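S.K.:
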Amino acid sequence: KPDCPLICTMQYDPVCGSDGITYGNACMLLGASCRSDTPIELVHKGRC
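Position 26, counted from 1, in the sequence shown is what the entry's author numbering calls 26; the numbers after and before it change by one each time, with no gaps.
#1: Assuming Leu42 is part of the beta strand (DSSP E), what are its boundary residues?
#2: If I follow the unbroken alpha helix (DSSP H) through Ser33, where does it start and stop?
#3: For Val43, does the count of other Cβ atoms within 10 angstroms reach 16, so buried, or fall short, so exposed?
#4: Am I right that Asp13 and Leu30 are in contact with their C-beta atoms under 8 angstroms? What's the rounded C-beta distance?
#5: Determine the burial state of residue 49: buried for a count of at least 16 other Cβ atoms within 10 Å of its Cβ, exposed for fewer.
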């Protein structure tokens, strides 16, 4: 599973991550995959 970032931004860059969720940003995901529930990933850089 990926890792976590170091505070990306608030430039709403909603990306659909392999799990079924649109994260505020692919960065906010690294934080998720790091402490969400399972090994998440990225599929589309937008609203799916």
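Even for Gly, the Cβ is constructed at its ideal location relative to N, Cα and C.
M.R.: Once the coordinates are examined:
#1: 41-44
#2: 26-34
#3: exposed
#4: Going by Cβ atoms, the distance from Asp13 to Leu30 rounds to 13 angstroms, so no, they are not a contact pair.
#5: The structure shown has nothing for residue 49, since the chain only spans 1 to 48.
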